[PDB]
Structures are given as structure tokens and as C-alpha cells.
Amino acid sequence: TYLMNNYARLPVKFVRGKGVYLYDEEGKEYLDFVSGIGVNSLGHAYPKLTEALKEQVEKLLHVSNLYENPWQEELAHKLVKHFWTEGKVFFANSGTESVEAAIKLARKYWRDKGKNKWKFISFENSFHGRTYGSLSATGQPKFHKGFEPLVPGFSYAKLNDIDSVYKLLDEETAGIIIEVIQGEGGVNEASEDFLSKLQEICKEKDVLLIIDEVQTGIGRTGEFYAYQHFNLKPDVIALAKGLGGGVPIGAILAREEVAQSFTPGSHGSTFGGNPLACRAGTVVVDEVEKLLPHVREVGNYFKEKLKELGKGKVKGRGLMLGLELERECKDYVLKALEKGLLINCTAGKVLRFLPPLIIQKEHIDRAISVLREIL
């Protein structure tokens, strides 16, 4: 192999996909309940997306941000129209690049006011990216192992433990970074009470609330933005994964007053906001908005069916669900694979389900059927 050994790849290779199914060279069909880790929001070979991309490829792939990028304005408008207040967007290429932008925006925001707030409070079991800024925010030392020193200023509180947050907070704290639901961390849900308090603290202590919606964003949980389940009012949010339906894209959306700190030359990206990614993003956002009622309906159904299995605690909401097992779930992933079902195991014993947002109840029953056979 000419590739570095940083991944633990499953012994399977796909060549094509269509709808919620993937196929290997052998022609064997696989029901996809991982969607490339919540990236293939519209499944594979989605007609509207496929046709749009084929057209864009022949027209213009990239010109860079040296020039005006109208397509960025169009997509941004659709993202901001769903935000709780007036806001602006900066486009990136991935979730980690998006979190990086949010951290830089938060720090410069206070510096612009002549205030020395540069610290951040994130949470244990969180995952915000692998690049240095995002890695420092990621509350999992195992991922830090060998790369220290990280960016100074990051401390880790505990999810649903408001007291752990108060303890790490001081007058030098720029922001609090959190995932409404921690995906990679085991589909851990921040409670309404905790989130409500977290918001109050940010208003009270004058600290920015930064929500990482890279995994929960764009309809994944049953609302366009997961923060909307609790009427939260984030200062900045990070987005990626499902936003591009398979095409690499990322973005941060900040409220007007905060966005102002991203002045000319303060930050940028070469590939960021290229016409291909924005074309894909435009298709996805319009489609997810129409699918939301279905995502809520199919999601509730899927959660109910999981509870019926009586094989562990069911976590999450919408189509970001988990099944906490008593044993390590690594082996179940292999057994499901042999049976033509793609599932994921994270946090050691939590099966993570991230099917495409176009998933139907019939496909759900098919997946539940396999689970009942292997658990």
C-alpha cells in the first residue's frame, strides 16, 4: 500500500451507489446506514444533485476568492435565512477548517474590542477536527497523543455538568464550543436544561456560544440546525459533512456583529466556496428543507423500532441515532456488513446510525431486521 496507516478501514470496497444502497465490485448490495459518516445526506446518485454537478463540472470548477463568487452569496442566503438572526457566512472545505475559522473569528472578535479574551471551553468526548485549532478544542487526549504542544487556552468541561463549566470560566474566556449531540463521542445528547443554562452563561459572562453543527447540521436531527430544537441563539455555528451531499464543503455562520471581525485579509481559503461545492450545497439545502417533515417522521419511527429491540439504550434524535450496547460493538459492524447492512461503532459500544436523509420506513425495517438477527 502507498497510503499511510492512519485509518482502520473495513475490508470492503464500493464502486457505485444509488439511493440508499452501495455496491462492491462483486455487485453485492449494501443498505447504507452510515452515509459516509453523515455526509451523503441525499444518498448516492441523487438525480437532482447528479445532474447539477455534471453541468457545473463542464462549466466552471474554481476561480478562487480573488474574484467575486456569486454562487457563495446564493448559498449563504439560504443558510442565513434559516439562522435565528442576521448573519454572514465564510466558506471552507471541511468541518475541521470550519471550526478553525470559528476559533479565529472568536478570538479576533474580542481583540477588536481591546479585550484579552482568548480561552475556550469545550467538552470531554467532543470531536471538532484534526487540524491544530480544532484538535485543541477536541476533548479527547488520545487524539492529542504525540502532537503536543497544542494551541494554548483550551480546557474541557463535562457535558450536562454546568458546574464543570463555571469552574473553567474566567474573564479571559472567549467562547464555549459545543455539539448539541456528540456524534463521534457516542451520540451523547446535551439536555435542554444544560443547553439553556449554557446560553444564559454566555449572555451573563459575556462569552461567545459556538455550536459545532458539522455532524448535526442540515436536517440530520429533524430540524435544519440542531440548535433549533431548543430555540438556542448561537453566536457562531460550524457546518460541513451533509451540507455538500458528498462534495467537500464547510462553513461558519456568525451573527452580524460578530462576523464583522473577519476583515479583509484576516482569513481565507483557496478552494473555499468554489462553484462546484456551492452548486452541491444549494441543491442539498433546498432538498433538505422539503424533506424535514419526512426526516422527523421516519426518524421517530426508527427510534421507536430501536427501542423495541430491547438491546440497549437508544440515543439521539431525528436520523442521528445510537444504540448503546453492553458489549463492544466492533464485531457487530462486521456481522452487519456480511448481511449487507452498513453500520458504525463508536465510543467502544455505541452503534451509530446515520442513514441518508431520504431513507424510508421500508429501509428502516430492513435494517432493524438485520440488527435483530445479530444482537
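Sequential numbering from 1, following the sequence displayed.
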- Query: Is the mean CA B factor in the deposited entry higher across 324 to 332 or across 27 to 35?
  - Reply: 324 to 332
- Query: Mean C-alpha B-factor higher for 130 to 138, or for 297 to 305?
  - Reply: 297 to 305
- In this PDB entry, which of 223, 235, 204, 286 has the top CA B-factor? 204
- Sort 212, 171, 100, 124 by C-alpha B-factor from the entry and give me just the highest. 171
- Item | Record-listed C-alpha B factor of residue 311: chain third | highest
- Message: Ranking every modelled residue in this chain by its Cα temperature factor as given in the entry, which third contains residue 118?
- Response: highest
- Task: Relative to the other modelled residues of the same chain, rank the CA B-factor of residue 62 and answer lowest, middle or highest third.
- Result: lowest
- For residue 70, the third of its chain by CA B-factor is the middle
- Message: Using the temperature factors of the C-alpha atoms in this entry, rank residue 91 within its chain: lowest, middle or highest third.
- Response: lowest
